[PDB]
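Take a look at this single chain, the form deposited in one PDB entry, given in structure tokens.
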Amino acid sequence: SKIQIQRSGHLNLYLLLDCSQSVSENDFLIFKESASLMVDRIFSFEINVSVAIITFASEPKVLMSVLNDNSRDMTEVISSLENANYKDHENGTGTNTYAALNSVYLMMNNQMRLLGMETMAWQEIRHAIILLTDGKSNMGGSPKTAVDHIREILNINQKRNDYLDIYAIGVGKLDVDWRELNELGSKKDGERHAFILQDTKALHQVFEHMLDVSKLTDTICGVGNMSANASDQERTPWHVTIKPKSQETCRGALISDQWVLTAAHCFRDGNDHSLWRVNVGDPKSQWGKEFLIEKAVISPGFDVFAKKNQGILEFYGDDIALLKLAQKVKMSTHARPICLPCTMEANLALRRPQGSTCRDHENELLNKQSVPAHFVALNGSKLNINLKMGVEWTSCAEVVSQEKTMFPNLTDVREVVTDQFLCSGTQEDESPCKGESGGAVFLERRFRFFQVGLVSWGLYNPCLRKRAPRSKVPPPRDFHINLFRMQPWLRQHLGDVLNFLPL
């Protein structure tokens, strides 16, 4: 009933953009913006996908054909779309949707001819057509007739139901013809295939629900669900709960199908890992699934009382741990590894050049003096922070000299906050609670998720679903272990787990 995101076979996606005079010039820019979002998203899954781009009024115009190998190149698809001009159809501003759909038919006929009707290269292709239109066809005859023709060539019935989806979406400040939208994108079973949406934000939500990713079960990193209607676990599937002996909880992140990344300070009782449990996401229950631990590696530099002779009562240098789960996790919508920077996995996720390095990844991901990021709350919800970098890191970390509990003897901030920590908590940031520690601090780029740090400590615990700030000294401020500073140790233990880039 949905567009299938999977490794096997091939996806042909046809984007048909209504460029007729009932679509204003600005309405068309909204269409181009929606198309670009669907292209960027469909490519984020690293599946085999070709994209055709057609604009249409009285005549259709093919900017990209699936017969062009360039339609598998996200770069060339996006440029051909951005090259699309409203005035391209100035000589025929009517609305001939049939002609636009027939253009897709002729495309299919030609590729089937190319590859060969009887070949698997042709049989394996799934076809998804999305029309961005206000639905007001007024020439060429019935779009349904061209849809019948497409369904004929593709051999669609109940069995081969999954090889064609047609969607018709009106996005923007349009006068939409609803009846016509529904003729174009009729229902498959119960699944809606016609939508009227106010803007590209609504489209982005709706497109998430058009994509079936349940069959995507390999270890692809940093894939999430960005619908509000998805569960918390589906939105952050790397996210895990950690249960030490101490009965207190921590959070952590799946970084492969068997390894979890978390905070060292979570394990106060010591190093007896056989009493610890991890809850990873699971489709069958919101409780998740409990795993035991095969082995634990706590950073050898971690020791909360290391600086206690200097009157510093808690020191969180090297606050990091790796847990190997007793079994491999089964990858699913509720359980995926997050992307770790400085790996080939993360380099592909970012669509970067081959010979990138760790420095490159740091530079791309932590690209500003204030970098918007997230951590996941106790209730599973996604919370917002701004990582303070370069010159702003110093003034961010400065307020720890006002801490009254942890450090009664502190003549030097850089004895407690070293270069090992990212910093947030200023302005209107959320601050992690103690139970949220160990959890990923992560960014989103190109629709993929990247762990740049982990929750370690802060000056103010809001949980001391329910949360509270205040307005007195010292101010909230939070310090996260920076994964870019932990590379040597991570490589020592994950070198045969992930493929690390040159430094």
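By rigid core we mean the largest C-alpha set that fits within 1.5 Å across both forms. Numbering starts at 1 and follows the sequence shown.
Quick note: we don't show the form deposited in another entry, though the next part is all about it.
- Core-based superposition between this form and the one not shown shows that, of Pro372, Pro300, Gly141, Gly355, only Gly141 has its Cα displaced by 2 Å or more.
- A displacement of 2 angstroms or greater separates the C-alpha positions of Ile156 between this form and the one not shown, with the rigid core held in common.
- Once the rigid core is overlaid between this form and the one not shown, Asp27 counts among the residues whose Cα shifts by 2 Å or more.
- Taking the rigid core as fixed, one finds a CA shift for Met117 of 2 Å or more between this form and the one not shown.
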